[PDB]
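Worksheet: one structure, shown below.
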Amino acid sequence: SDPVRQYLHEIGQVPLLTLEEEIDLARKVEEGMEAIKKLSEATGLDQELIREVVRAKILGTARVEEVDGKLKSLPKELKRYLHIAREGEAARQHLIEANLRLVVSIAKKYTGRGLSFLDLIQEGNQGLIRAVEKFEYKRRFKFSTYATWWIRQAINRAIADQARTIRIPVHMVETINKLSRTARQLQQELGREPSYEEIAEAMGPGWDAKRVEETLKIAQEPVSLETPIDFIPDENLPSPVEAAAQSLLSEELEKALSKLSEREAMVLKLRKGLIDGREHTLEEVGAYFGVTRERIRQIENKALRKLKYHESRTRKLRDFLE
Amino acid sequence: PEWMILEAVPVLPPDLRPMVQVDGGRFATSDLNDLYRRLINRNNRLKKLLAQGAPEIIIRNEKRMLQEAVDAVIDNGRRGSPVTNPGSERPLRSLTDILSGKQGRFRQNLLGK
């Protein structure tokens, strides 16, 4: 029922190609970008503008026109190039339409790994778009199953690019398939699920145990199934009681700092950075506060004691746990 | 009639939940995201799969993906989008049976506080 049947109907409704109609149409592409290359270097359109901006026009079943302008003012050496490129504009006309059906019957394999049959076509089908193109019309093997690669190889590059995984360069899939096929390899030839280090030998250089474990620790298709059974609780982000035990310690210090002298209280504030958040050095504290470090350094320690001494005789040694 | 759509709008916070141990299992992940993805990927593959001139047939068959891909974050009410694909299983928490639905979030945080 999947919407694929809808596409499966539009796809398998139009016939493919005869046999000689495959090449005849293709050659139009060559001289297409070529005859278009005429105007390309002619005014400096990099041969990609005249084509891309026109292929849009070629797709006159939808947008623009534009460029033609100068392409009609055609000098005495032009008018033939007008039709040539417009006869070549037919190169992007029929081709590409057949294969759509020829491919699909291939995606029926990767019906698993990742992406449903329907998404795999997007990748698989799009590979044809690139592969159709770089076809060596020269060779005498004629287009067909030779495109299957571009497709499938674009499919492997697809399933790799897309999976319920985070990021998978061929650095892990090709390696996990290894330890996997290897673990499954030693398996049938042992009888028990081999350990991790035991696989080390199966592999080789650098393949100890830690690394063999780092791989099957990242992913393959785990990363949980997501939500069975708000399947999981926990917490501690902006702790409630904590954010409450905060204002205390602060306001508590404000009180514990009441029995202090400005030539020490503020000295501490700025110093340890309590005022706002500026942990000013002892120099900044010495500048503003005239007198050079000497008596200041003493005032520094003059504190601590006068700040700890007032503790053992009056608790507050519990604020440390938070 | 701005009901036609051109910019779905999913948040991100709710998901970035990470490792849960004890008793007998750990590893950790979320849903709505892997559900979300469906979208962007498509809406991304569309553009780059057209600019390179993908004539007719193809074009629609794709594009529409977005459409279907949109009936994602929204409401899974048709054929389903099970996880574990192929996966003959569970239902993607798509605001259906959960979030907005009944007894999942709405029927839950209204009184089930």
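Just remember, in the structure tokens the first chain shown is A, the second B, etc., residues are 1-based per chain, and ligands are 1-based in the order shown.
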Item checked: Interface residues on chain B facing chain A, 9 Å, only C-alpha atoms, written as JSON, numbers by chain -> {"B": [20, 27, 28, 29, 30, 31, 32, 34, 41, 42, 45, 46, 49, 51, 52, 53, 54, 55, 56, 57, 58, 61, 62, 65, 79, 83, 84, 85, 86, 87, 90, 92, 93]}
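Each of B:105, B:35, B:50, B:63 was compared to residue 91 of chain B using only C-alpha atoms, and B:35 turns out to be the nearest.
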Notebook entry, point to check: Which neighbours of residue 286 of chain A fall inside 12 Å, counting only C-alpha atoms, when residues of the same chain fewer than 3 positions from it are skipped, and could you give them as number ranges by chain?
Noted result: A: 263-264, 266-267, 270-271, 280-283, 289-297, 299-300
Would you export the selected residues with N, CA and C atoms as a CSV table (one decimal), in the first residue's frame, please?
```
chain,number,residue,atom,x,y,z
A,263,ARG,N,39.0,47.3,55.5
A,263,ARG,CA,40.4,47.2,55.0
A,263,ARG,C,40.8,45.7,55.1
A,264,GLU,N,39.8,44.8,55.0
A,264,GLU,CA,40.0,43.4,55.0
A,264,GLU,C,38.8,42.7,54.3
A,266,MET,N,36.6,44.1,52.0
A,266,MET,CA,36.6,44.4,50.6
A,266,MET,C,37.9,43.8,50.1
A,267,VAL,N,39.0,43.8,50.9
A,267,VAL,CA,40.3,43.2,50.5
A,267,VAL,C,40.0,41.8,50.0
A,270,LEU,N,37.3,41.6,46.5
A,270,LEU,CA,38.0,41.7,45.3
A,270,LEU,C,39.0,40.6,45.1
A,271,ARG,N,39.8,40.3,46.1
A,271,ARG,CA,40.8,39.3,46.0
A,271,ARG,C,40.3,38.0,45.5
A,280,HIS,N,40.5,40.1,40.9
A,280,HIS,CA,41.6,41.0,40.9
A,280,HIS,C,42.8,40.5,41.6
A,281,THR,N,44.0,40.7,41.0
A,281,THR,CA,45.3,40.3,41.7
A,281,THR,C,45.5,41.1,42.9
A,282,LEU,N,46.6,40.9,43.6
A,282,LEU,CA,46.9,41.6,44.8
A,282,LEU,C,47.5,43.0,44.5
A,283,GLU,N,47.8,43.2,43.2
A,283,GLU,CA,48.3,44.5,42.8
A,283,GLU,C,47.2,45.5,42.6
A,289,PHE,N,43.9,50.5,46.9
A,289,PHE,CA,44.1,50.5,48.3
A,289,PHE,C,45.5,51.0,48.7
A,290,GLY,N,45.8,52.2,48.2
A,290,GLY,CA,47.1,52.8,48.4
A,290,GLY,C,48.2,51.8,48.8
A,291,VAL,N,48.6,51.9,50.1
A,291,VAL,CA,49.6,51.1,50.7
A,291,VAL,C,50.0,49.8,49.9
A,292,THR,N,51.3,49.6,49.8
A,292,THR,CA,51.9,48.5,49.1
A,292,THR,C,51.7,47.2,49.8
A,293,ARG,N,51.6,46.1,49.0
A,293,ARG,CA,51.4,44.8,49.5
A,293,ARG,C,51.8,44.5,51.0
A,294,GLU,N,52.9,45.0,51.5
A,294,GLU,CA,53.4,44.7,52.8
A,294,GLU,C,52.3,44.5,53.8
A,295,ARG,N,51.8,45.6,54.4
A,295,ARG,CA,50.7,45.6,55.4
A,295,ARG,C,49.5,44.9,54.8
A,296,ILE,N,49.4,44.9,53.5
A,296,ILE,CA,48.2,44.2,52.8
A,296,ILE,C,48.3,42.7,52.9
A,297,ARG,N,49.5,42.2,52.6
A,297,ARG,CA,49.7,40.7,52.7
A,297,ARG,C,49.4,40.2,54.1
A,299,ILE,N,47.3,41.8,56.1
A,299,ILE,CA,45.8,41.9,56.2
A,299,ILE,C,45.2,40.7,55.6
A,300,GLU,N,45.8,40.2,54.5
A,300,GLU,CA,45.3,39.0,53.8
A,300,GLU,C,45.2,37.9,54.9
```
Checklist line | residue 174 of chain A environment, 12 Å, only C-alpha atoms, sequence neighbours closer than 6 positions dropped, as a VMD selection string | finding: chain A and resid 156 to 157 160 168 180 to 182 215 220
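If you look at atom CA of residue 83 of chain A and atom CA of residue 25 of chain A, they are 15.8 Å away from each other.
Those residues that approach residue 76 of chain B to within 12 Å, counting only C-alpha atoms, are residues 32, 35, 68, 69, 70, 71, 72, 73, 74, 78, 79, 80, 81, 82, 90, 91, 92, 93, 94, 95, 96, 97, 98 and 101 of chain B; same-chain residues fewer than 2 positions away are not listed.
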Next item on the list: Please report, as a PyMOL selection string, each residue of segment 30-112 of chain B to which DSSP assigns alpha helix (DSSP H) when run on this structure's backbone.
Entry: chain B and resi 33-47+58-70
Generate the output file for the selected residues, C-alpha atoms, as a tab-separated table (two decimals), in the first residue's frame.
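What follows is the written file again.tsv:
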```
chain	number	residue	atom	x	y	z
B	33	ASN	CA	14.27	13.31	16.79
B	34	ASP	CA	15.09	10.15	14.86
B	35	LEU	CA	11.47	10.75	13.98
B	36	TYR	CA	12.23	14.34	13.11
B	37	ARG	CA	15.28	13.51	10.96
B	38	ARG	CA	13.03	11.81	8.44
B	39	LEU	CA	12.21	15.33	7.44
B	40	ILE	CA	15.32	17.50	6.97
B	41	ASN	CA	17.13	14.61	5.30
B	42	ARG	CA	14.46	14.52	2.62
B	43	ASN	CA	13.93	18.27	2.37
B	44	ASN	CA	17.70	18.35	2.04
B	45	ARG	CA	18.03	15.57	-0.53
B	46	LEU	CA	15.28	17.15	-2.57
B	47	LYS	CA	17.03	20.43	-3.45
B	58	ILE	CA	11.43	11.47	-10.08
B	59	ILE	CA	10.90	15.06	-8.88
B	60	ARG	CA	7.36	14.59	-7.54
B	61	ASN	CA	7.87	11.06	-6.20
B	62	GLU	CA	10.60	12.70	-4.14
B	63	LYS	CA	9.38	16.13	-3.03
B	64	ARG	CA	6.24	14.48	-1.82
B	65	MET	CA	8.58	12.70	0.54
B	66	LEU	CA	8.69	15.91	2.51
B	67	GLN	CA	4.88	15.83	2.56
B	68	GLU	CA	4.77	12.31	3.91
B	69	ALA	CA	7.90	13.16	5.92
B	70	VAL	CA	5.83	15.93	7.45
```
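The space separating atom CA of residue 275 of chain A from atom CA of residue 312 of chain A comes to 25.7 Å.
For the pair atom CA of residue 18 of chain A and atom CA of residue 136 of chain A, the separation is 18.8 Å.
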